[PDB]
There are 2 protein chains.
Amino acid sequence: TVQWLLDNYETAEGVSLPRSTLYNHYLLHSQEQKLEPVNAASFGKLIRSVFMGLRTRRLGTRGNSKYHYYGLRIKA
Amino acid sequence: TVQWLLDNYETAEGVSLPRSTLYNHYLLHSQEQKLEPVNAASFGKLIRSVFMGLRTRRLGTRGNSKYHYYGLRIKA
DNA sequence: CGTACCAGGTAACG
DNA sequence: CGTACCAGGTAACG
């Protein structure tokens, strides 16, 4: 899934993506390509092996904070 | 609760205690002494401010691992 | 078959 | 009122 990640996302400045929607997109890709998906923790290992320097933020109002990969955006 | 911790537990070698039963004992102490208990994360901050050098282990058979504070035992 | 490296709650920053 | 420092799953060690 390294090339699929590179084709769909890229490191960028000052923007972030919620981790769930990114993992959710990966699960569709996996299902569509008949690949058995890894879990969210394993996916975190994969994405950090592809995109260097990602930071962790938790965005949202109190009681509603959600993890984001900071420094990443949709490429296409 | 610093003195209650020191009166009931001590650092020791080669032995561990499950985190849950220790926090469960703290909750009884809190209830019995009419003190509002802090949550498990806050309790982890408290116990590490009292007992220096505690290590983390997860003991148990596959699928059943549970966190332990390694290097601690019941004093009394 | 019993760790490594990834993946929310409360106090308190700013 | 939107981070710091605490709190299970899978691969793979040994």
Side-chain angles (χ1 to χ4, degrees), chain A residues 1-6 8-9 11 13-31 33-74, chain B residues 1-6 8-9 11 13-31 33-74:
Chain A
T1 358
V2 180
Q3 193 60 235
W4 170 82
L5 280 164
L6 295 162
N8 284 278
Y9 297 92
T11 45
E13 292 175 335
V15 296
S16 72
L17 284 169
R19 297 191 179 161
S20 57
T21 192
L22 173 48
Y23 182 65
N24 280 160
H25 188 190
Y26 162 79
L27 290 176
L28 296 182
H29 166 71
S30 295
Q31 172 191 185
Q33 305 293 130
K34 315 308 197 324
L35 266 302
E36 67 277 4
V38 301
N39 70 7
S42 290
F43 179 76
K45 296 185 176 183
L46 171 68
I47 202 171
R48 293 166 183 280
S49 72
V50 174
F51 299 111
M52 255 46 83
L54 292 185
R55 291 165 183 279
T56 296
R57 303 192 75 190
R58 296 167 72 187
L59 303 182
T61 57
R62 291 198 171 179
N64 307 304
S65 304
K66 299 292 298 180
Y67 284 93
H68 284 235
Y69 277 129
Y70 170 44
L72 194 65
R73 73 182 176 202
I74 291 166
Chain B
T1 358
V2 180
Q3 193 60 235
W4 170 82
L5 280 164
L6 295 162
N8 284 278
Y9 297 92
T11 45
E13 292 175 335
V15 296
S16 72
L17 284 169
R19 297 191 179 161
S20 57
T21 192
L22 173 48
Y23 182 65
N24 280 160
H25 188 190
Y26 162 79
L27 290 176
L28 296 182
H29 166 71
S30 295
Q31 172 191 185
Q33 305 293 130
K34 315 308 197 324
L35 266 302
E36 67 277 4
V38 301
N39 70 7
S42 290
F43 179 76
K45 296 185 176 183
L46 171 68
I47 202 171
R48 293 166 183 280
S49 72
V50 174
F51 299 111
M52 255 46 83
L54 292 185
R55 291 165 183 279
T56 296
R57 303 192 75 190
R58 296 167 72 187
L59 303 182
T61 57
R62 291 198 171 179
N64 307 304
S65 304
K66 299 292 298 180
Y67 284 93
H68 284 235
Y69 277 129
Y70 170 44
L72 194 65
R73 73 182 176 202
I74 291 166

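Letters A, B, ... mirror the listed sequences (proteins, then strands); counts begin at 1.
Residue contacts shown for A:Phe43 are absent, as no nucleic acid heavy atom lies under 4.0 Å away. Contact annotation for A:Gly63: no contact, since no heavy-atom pair falls under 4.0 Å across all strands. Among the atoms of the strands shown, only primed sugar atoms or phosphate atoms (P, OP1, OP2) are found under 4.0 Å from some heavy atom of A:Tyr69.
Between the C1' atom of D:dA7 and the CG atom of B:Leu46 lies a distance of 14 Å, rounded to the nearest Å. For B:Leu22 and D:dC6, the CG to P distance is 15 Å, given to the nearest whole Å. B:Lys45 places its NZ atom 9 Å from the P atom of D:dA7, with the value rounded to the nearest Å. Between the P atom of C:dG8 and the CZ atom of A:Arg62 lies a distance of 17 Å, rounded to the nearest Å. Going from atom OH of A:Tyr26 over to atom P of C:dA7 covers 14 Å, rounded to whole Å. In this entry the distance linking CG of A:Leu54 with P of C:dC6 reads 12 Å, nearest Å. In this structure, A:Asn64 places its CG atom 9 Å from P of D:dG2, rounding to the nearest Å. Atom-to-atom, CZ of B:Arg55 to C1' of C:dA4 comes out at 15 Å; the value is rounded to the nearest Å.
Of the nucleotides present, C:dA11 is the one that pairs with D:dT3 by Watson-Crick or G-U wobble criteria, both distances under 3.5 Å.
The side chain of A:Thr61 lies closest to D:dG2, out of C:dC6, D:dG2, D:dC6. The side chain of B:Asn39 lies closest to C:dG9 when the candidates are D:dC6, C:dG9, D:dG8.
Going from the P atom of D:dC5 to that of C:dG14 covers 12 Å, rounded to whole Å. Taking atom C1' on both nucleotides, C:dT3 is separated from C:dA7 by 16 Å, rounded to a whole Å.
No hydrogens or angles considered: nothing links the side chains of B:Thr11 and B:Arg73 as a donor-acceptor pair under 3.5 Å.
Side chain B:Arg58 to base D:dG9: a donor-acceptor pair is found below 3.5 Å.
A residue-by-residue look at B:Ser42 and A:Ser65 shows that A:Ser65 has its nearest nucleotide of DNA chain D further toward the 5' end. Heavy-atom distances to DNA chain C give each of B:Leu59 and A:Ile47 a nearest nucleotide, and the one nearer the 5′ end belongs to B:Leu59.
A distance below 6.0 Å separates the ring centres of B:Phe43 and B:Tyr26.
Taking the six-membered ring for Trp and thresholds of 30 and 60 degrees, A:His25 and A:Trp4 have ring planes more than 60 degrees apart, a perpendicular arrangement.
The minimum heavy-atom distance between A:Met52 and A:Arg48, with the atom names listed, is SD-O, 4.0 Å.
Judged purely by atom type and a 3.5 angstrom limit, A:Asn64 uses its side chain to pair as donor or acceptor with the backbone of A:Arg62.
Note on B:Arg48: every side-chain N or O is 4.0 Å or more away from OP1 and OP2 of D:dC5.
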